[PDB]
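Okay, so here's the structure we're looking at.
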Amino acid sequence: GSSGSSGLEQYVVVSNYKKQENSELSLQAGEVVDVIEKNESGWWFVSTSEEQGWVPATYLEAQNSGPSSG
């Protein structure tokens, strides 16, 4: 694995979100996603190996605790 990830915040799901539209996604409890962007309203844009969609931050948890940045 010598490619070098682009660098995206990987958040872990806490609840099984229920997709409603084509855009929305149906993440599973424990599943891992990649936060691409963020909305002031609270809706975050994540992307999974299957597909990409928009989900609420409430359904996401910060995997990392607090590493020594820099």
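Under the authors' numbering, the residue at position 29 of the sequence shown is numbered 29, and the numbers go up by one with no gaps. Heads up, the beta-carbon is just placed ideally off N, CA and C, and yes, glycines get one too.
- The Cβ atoms of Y17 and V46 do not sit closer than 8 Å to each other.
- Looking at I36, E9, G53 and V14, the one whose alpha-carbon comes closest to that of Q28 is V14.
- Of all alpha-carbon atoms in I36, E31, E21 and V32, the one lying nearest the alpha-carbon of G7 is that of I36.
- Residue environment: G53 is assigned as buried (16 or more neighbouring CB atoms within 10 Å of its CB, all protein chains considered).
- In the three-state scheme derived from DSSP, where H, G and I count as helix and E and B as strand, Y11 is classed as strand.
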